[PDB]
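Below, in structure tokens: the form solved without the named molecule, a single chain.
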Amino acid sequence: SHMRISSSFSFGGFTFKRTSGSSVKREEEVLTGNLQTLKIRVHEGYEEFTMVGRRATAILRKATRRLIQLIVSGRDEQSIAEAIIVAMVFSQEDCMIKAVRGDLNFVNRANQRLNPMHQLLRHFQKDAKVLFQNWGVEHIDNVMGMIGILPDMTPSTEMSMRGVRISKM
């Protein structure tokens, strides 16, 4: 049932669909720098998702708590950043957890406490500076139709945030 439920869903304003590979679920306690414990539902294994939003789309390959490749197209800098934020949170990477600042106590529109993955999502939806700063950058190859993006959102032909590429298409 875990495979079935995680095959198609909405997260962070994006429709996710699994296109390849599998995972198993498990509950994993993590600790933010503010020493807050979050019990997250972790996907264990290699999978590939497509993400479709209002103003951006992405393709994501990930493994257990590790983003492998992310390609995003968007209408503008804002919508592209938004897609990158959701992918980074969804990746469940340690460096994303470690980018949290302060305590998370987000509530939905009925004033009920949001689940841990949504605590993370809400947090970084407000400001992704620490997230992008701590994610990491790498050298990239020059591939036609693709360009890198730095943590300050400036495009670069030489470097990019780790695993992240922006499609000109």
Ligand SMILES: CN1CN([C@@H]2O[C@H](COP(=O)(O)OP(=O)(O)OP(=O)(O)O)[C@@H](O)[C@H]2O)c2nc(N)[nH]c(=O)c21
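The numbering used is simple: start at 1 and walk along the sequence shown.
Engineer: Averaging CA B factors per stretch from the PDB record, which one is higher: 151 to 159 or 5 to 13?
Structural biologist: According to the entry, 5 to 13 carries the higher average C-alpha B-factor.
Engineer: State which stretch shows the higher mean Cα B factor in the entry: 115 to 123 or 66 to 74.
Structural biologist: The recorded data point to 66 to 74.
Engineer: Kindly indicate the residue among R26, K129, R109, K39 with the greatest C-alpha B-factor in the PDB record.
Structural biologist: The record points to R26.
Engineer: Divide the modelled residues of the chain into thirds by Cα B-factor and specify which third, lowest, middle or highest, holds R101.
Structural biologist: CA B-factor rank for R101: lowest third.
Engineer: Could you say whether, by C-alpha temperature factor, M144 belongs to the lowest, middle or highest third of its chain?
Structural biologist: Within its chain, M144 is a highest-third residue by C-alpha B-factor, going by the deposited values.
One more form of this protein should be noted, the form deposited with the named molecule bound, which is absent from this view; the next part is about it.
Engineer: Can you tell me whether the pocket in this form is open or blocked when the named molecule is overlaid from where it sits in the entry with it bound, based on ligand atoms within 2.4 Å of backbone or C-beta (3 or more = blocked)?
Structural biologist: After the site C-alphas are aligned, the pocket of the shown chain is blocked to the transferred ligand.
Engineer: Among the candidate stretches 104 to 112, 27 to 35, 41 to 49, 131 to 139, which one is within 4.5 Å of the named molecule in the entry with it bound when only heavy atoms are counted?
Structural biologist: Answer to the contact question: 41 to 49.
Engineer: May I ask you to state whether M117 is within 4.5 Å of the named molecule in the entry with it bound, using heavy atom distances?
Structural biologist: Yes - in the entry with it bound, heavy atoms of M117 and the named molecule come within 4.5 Å of each other.
Engineer: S23 versus the named molecule, in the entry with it bound: is there a non-hydrogen atom within 4.5 Å?
Structural biologist: Within the cut-off, so yes.
Engineer: Determine whether any heavy atom of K62 comes within 4.5 Å of a heavy atom of the named molecule in the entry with it bound, and answer yes or no.
Structural biologist: Residue-level check for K62: yes, a contact with the named molecule.
Engineer: Counting only heavy atoms, which residues in 124 to 144 are within 4.5 Å of the named molecule in the entry with it bound?
Structural biologist: Heavy-atom contacts to the named molecule in the entry with it bound: nothing from 124 to 144.
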